[PDB]
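Read through the structure below, which is laid out as structure tokens, and then see the notes.
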Amino acid sequence: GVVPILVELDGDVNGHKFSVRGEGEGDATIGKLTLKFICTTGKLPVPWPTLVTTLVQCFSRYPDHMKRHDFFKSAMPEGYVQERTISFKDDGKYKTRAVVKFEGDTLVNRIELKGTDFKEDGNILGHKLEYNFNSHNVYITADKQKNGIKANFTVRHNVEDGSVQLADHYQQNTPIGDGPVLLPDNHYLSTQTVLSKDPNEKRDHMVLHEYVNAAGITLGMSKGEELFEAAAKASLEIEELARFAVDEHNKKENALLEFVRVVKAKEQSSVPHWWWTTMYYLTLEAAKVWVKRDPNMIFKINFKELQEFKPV
């Protein structure tokens, strides 16, 4: 299923501040991500490829015989904290801390990044890295002591003079909630990424497609999957309930509109869950919706009703 993604990063590399916003979606069933990033401070002072790993491994595809070992999904929806030290060889270091968690039906990744000891005319600050990406194996191991995992891999950045700039990654993931989380046996994530450009986009940006697959545990020996499939079914449902709200302010108070996209969603009320009754709050591309629900199948809607519709 398709689950929307929001990324937000604030970075400081050798005094150069910057911020990045990213929007897109992921499908954990196939392990596919499509993300477009915008540098919201104008000119990005570092090569876009250096931020790829920092800018949601919960969308990795774990085969059925490995769902036992998917820590990332098990820590949802409370989320986890992802900290990394990216040591660029013969150059500076990145230190990152991220909060990956759900907000409504949206998976959010908010990062702070600080870079130090970078050479002003190196591969990074000198902008000598090619706009491409390689495939790597993210070697994951359990960290029972901190109820999480550590990860280790080395990213290869192709530079224009033919050489290769190495970036050693030291990763730590710690859950935010206190409930149980799956602690995996040693395995790795197979990652492939391609970086491209939106020809219609004027801002400094990066378009990103990547496929992630878990492997390393041979066939011979889920809460997380059901949550992501539900968040996708939820997102698919906010679309209808927004596509329904448009269709019902046409015939209600004479107009003619069709919706462009869905933007921002909020369930509300102290109304219990066993009421099978919820009040959504939408904000649309030109509305409150009350919904009754078959308890036998949660995402089947027996009755819907528009109650307001005023695009601000």
Side-chain angles (χ1 to χ4, degrees), residues 3 5-11 20 22 24 26-28 31-33 35 50-63 66-87 93-103 106-115 135-155 167-193 208 210-217 222-228 231:
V3 173
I5 301 176
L6 172 63
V7 186
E8 275 162 354
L9 174 147
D10 296 322
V20 170
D27 196 337
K32 187 194 179 192
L33 296 167
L35 288 168
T50 63
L51 305 175
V52 167
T53 56
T54 292
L55 289 161
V56 283
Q57 292 164 330
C58 44
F59 288 96
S60 178
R61 189 198 75 107
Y62 273 74
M66 258 182 290
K67 307 268 202 282
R68 258 177 52 214
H69 306 281
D70 191 356
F71 160 84
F72 308 99
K73 290 187 192 54
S74 76
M76 293 295 156
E78 315 100 291
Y80 54 78
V81 177
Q82 181 163 306
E83 280 178 315
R84 276 206 195 99
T85 300
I86 302 176
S87 181
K93 307 189 175 200
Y94 284 179
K95 284 198 195 297
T96 61
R97 182 181 193 272
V99 173
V100 181
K101 79 186 189 190
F102 271 88
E103 291 183 8
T106 299
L107 195 277
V108 183
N109 176 28
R110 303 183 205 268
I111 318 101
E112 297 228 318
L113 181 149
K114 295 169 293 296
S135 171
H136 316 87
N137 294 339
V138 177
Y139 290 105
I140 294 180
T141 181
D143 187 354
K144 283 209 183 72
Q145 199 174 324
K146 283 188 287 297
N147 200 27
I149 55 174
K150 301 153 71 76
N152 299 275
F153 55 99
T154 292
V155 167
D168 296 338
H169 283 51
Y170 305 85
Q171 185 174 323
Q172 182 90 49
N173 287 80
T174 301
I176 299 169
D178 304 306
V181 293
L182 308 175
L183 297 175
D185 290 336
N186 288 8
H187 66 293
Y188 71 91
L189 304 178
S190 178
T191 324
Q192 346 171 220
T193 317
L208 177 141
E210 50 179 31
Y211 299 77
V212 193
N213 249 264
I217 297 182
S222 174
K223 162 201 258 65
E225 302 282 331
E226 290 183 320
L227 181 71
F228 274 81

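We number each residue from 1, following the sequence as shown. Excluded from the calculations below are hydrogen atoms, water molecules and symmetry mates; all remaining heavy atoms, backbone and side chain alike, are included.
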Hydrogens and angles aside, do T54 and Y94 bring a side-chain donor and acceptor to less than 3.5 Å of each other?
no
Would you verify whether the NZ or CZ of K73 falls within 45 degrees of the ring axis of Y62 while also being under 6.0 Å from that six-membered ring's centre?
no
So, taking the atom named OG in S74 and the one named OH in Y80, what distance separates them when rounded to the nearest 0.5 Å?
10.0 Å
Is there side-chain contact between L113 and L51, with at least one heavy-atom pair below 4.5 Å?
yes
Whether over 12 other heavy atoms sit under 6.0 Å from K146 NZ
yes
Flag side-chain contact, heavy atom, 4.5 Å: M76 against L107:
yes
List for me each residue that meets salt bridge (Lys or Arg N to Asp or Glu O under 4.0 Å) alongside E210, sequence neighbours excluded, and say none if there are none.
none
Side-chain heavy atoms of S222 within contact of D70, under 4.5 Å
no
All heavy atoms of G148 vs all of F71, minimum pair found to be CA-CE1, 4.0 Å
Heavy-atom donor-acceptor pair, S135 side chain to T191 backbone, under 3.5 Å:
yes
Gap separating the CD atom of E112 from the CG atom of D10, nearest 0.5 angstrom
5.5 Å
With side-chain contact (heavy atoms from CB on, under 4.5 Å) as the criterion, how do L55 and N109 come out once you've worked through the C-alpha distance, each side chain's angles and the decisive distance to 0.1 Å?
CA-CA 8 Å; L55 289 161; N109 176 28; 5.6 Å; no
How long is the gap from NZ on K150 to OG1 on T174, to the nearest 0.5 Å?
9.5 Å
Could you give me the CA-CA distance, side-chain angles and deciding distance for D185 and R68, then say whether side-chain contact (heavy atoms from CB on, under 4.5 Å) is met?
CA-CA 9 Å; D185 290 336; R68 258 177 52 214; 3.6 Å; yes
CE-CG distance between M66 and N213, expressed to the nearest 0.5 angstrom
8.0 Å
Between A75 and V181, the two heavy atoms sitting closest are CA-CG1, 3.8 Å
Verify the ring-centre separation between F153 and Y139: is it less than 6.0 angstrom?
no
Less than 4.5 Å apart, any side-chain heavy atom of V108 and any of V99?
no
Sorted by chain and residue number, the side chain to side chain donor-acceptor pair (under 3.5 Å) partners of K32 (sequence neighbours excluded) come out as none
Evaluate whether atom CZ of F102 has more than 12 neighbouring non-hydrogen atoms of other residues, nucleotides or ligands under 6.0 angstrom away.
yes
Quick check for you: to the nearest 0.5 Å, what is the distance between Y170 atom OH and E83 atom CD?
16.0 Å
Any idea which heavy atoms bring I111 and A98 closest together, and the distance?
CG1-CB, 3.6 Å
Restricting to non-hydrogen atoms, name the atom on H69 and the atom on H187 that form the minimum distance, rounded to 0.1 Å.
O-CE1, 3.6 Å
Just to verify, what does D168 make a salt bridge (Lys or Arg N to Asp or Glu O under 4.0 Å) with, not counting sequence neighbours?
none
What I'd like to find out is whether the side chain of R97 reaches to under 4.5 Å of the side chain of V81, using heavy atoms alone.
yes
Are any non-hydrogen side-chain atoms of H169 and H136 less than 4.5 angstrom apart?
no
Atom pair SG (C58) and CG (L227), whose distance is rounded to the nearest 0.5 Å:
10.0 Å
Would you name the heavy atoms of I217 and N186 that are closest together and state the gap between them?
CG1-O, 3.6 Å
Worked check of side-chain contact (heavy atoms from CB on, under 4.5 Å) between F59 and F228:
CA-CA 9 Å; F59 288 96; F228 274 81; 3.8 Å; yes
Could you check whether atom NZ of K67 has more than 12 heavy atoms from other residues, nucleotides or ligands sitting under 6.0 Å from it?
yes
Which heavy-atom pair separates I5 from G26 by the least distance, and what is that distance?
CD1-N, 3.6 Å
